[PDB]
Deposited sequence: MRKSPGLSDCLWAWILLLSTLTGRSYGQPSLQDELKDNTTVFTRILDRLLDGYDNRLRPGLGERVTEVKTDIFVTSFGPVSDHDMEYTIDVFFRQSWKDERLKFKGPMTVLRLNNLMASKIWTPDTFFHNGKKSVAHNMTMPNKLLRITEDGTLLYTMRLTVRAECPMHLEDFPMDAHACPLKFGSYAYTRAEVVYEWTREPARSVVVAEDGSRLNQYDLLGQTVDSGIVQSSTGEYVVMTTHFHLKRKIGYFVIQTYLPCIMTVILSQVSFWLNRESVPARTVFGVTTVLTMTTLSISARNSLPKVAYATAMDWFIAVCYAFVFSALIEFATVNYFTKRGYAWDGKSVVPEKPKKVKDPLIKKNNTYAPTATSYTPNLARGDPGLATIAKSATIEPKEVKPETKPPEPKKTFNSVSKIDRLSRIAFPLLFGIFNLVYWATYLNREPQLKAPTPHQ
């Protein structure tokens, strides 16, 4: 009875087309984010998903009410007749407002006139990733939001608490498979545009890719293939079919490994750290068979050494290759791993 009377007399003379304090002050909106789940990061789309409880609070003098209760609760129909901030995500791609089984929104009005607007959102935001150090790369995915139509002089956004404590990520919410969430940086700023200056609230979620999968799928098979190609250096020079098959099949193995490695990586047109490692391994396996061609060119006798005439001596090229090839590959690995793991 008394509750119903209060609800009907709130919107009498209320104009939702006008922000609170229009021509009198600047509408201050206090926002805090509760990240329930940092959703999957899509490298192929340069986007990340995030499920949040986006909360916004502001004061509207026009909605003051005197009554038995201090907090009112509005249905979605009545909440659509009240001015709300036009907050949008600058880097959002396709965000979803959940509607099961009802609209996942809640508007509360206090007696003083303070509104609490909370909604459950699935935000797909753009994360520009420079994959040149893949898979040993780290990315700082941003989350920028602010008012679309109201400039800095009309609506200002602030964090409800200290910026560090305003954005809260659930302790058991990480939905990341190939990434580790290293924390977030919370800040606010001003962006100047052709439609005026706006207040932008930014959050930078820092991520580091986990390298364990690529070590056992890409690096280890490639390293063992290079070792296998260098194994043929210890075979006798007279076994021409054996070392020839040893060379091409290792090259074919490197081709198989290189093709599968690039399939998982998103189709960038530039070279990543994994591409250079495979290219060097490809050259080492290629050089192993070229070395045998030079060795075979100086083999005088086709017959091999017997168990007990003149026999071929061990190639000096082979002896130097048994040291140069393992050393040069070992040097490359130390240069490669120290260059990228240190970053």
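- Residues of the deposited sequence lacking C-alpha coordinates, numbered from 1, fall in the stretches 1-39, 348-410, 446-456.
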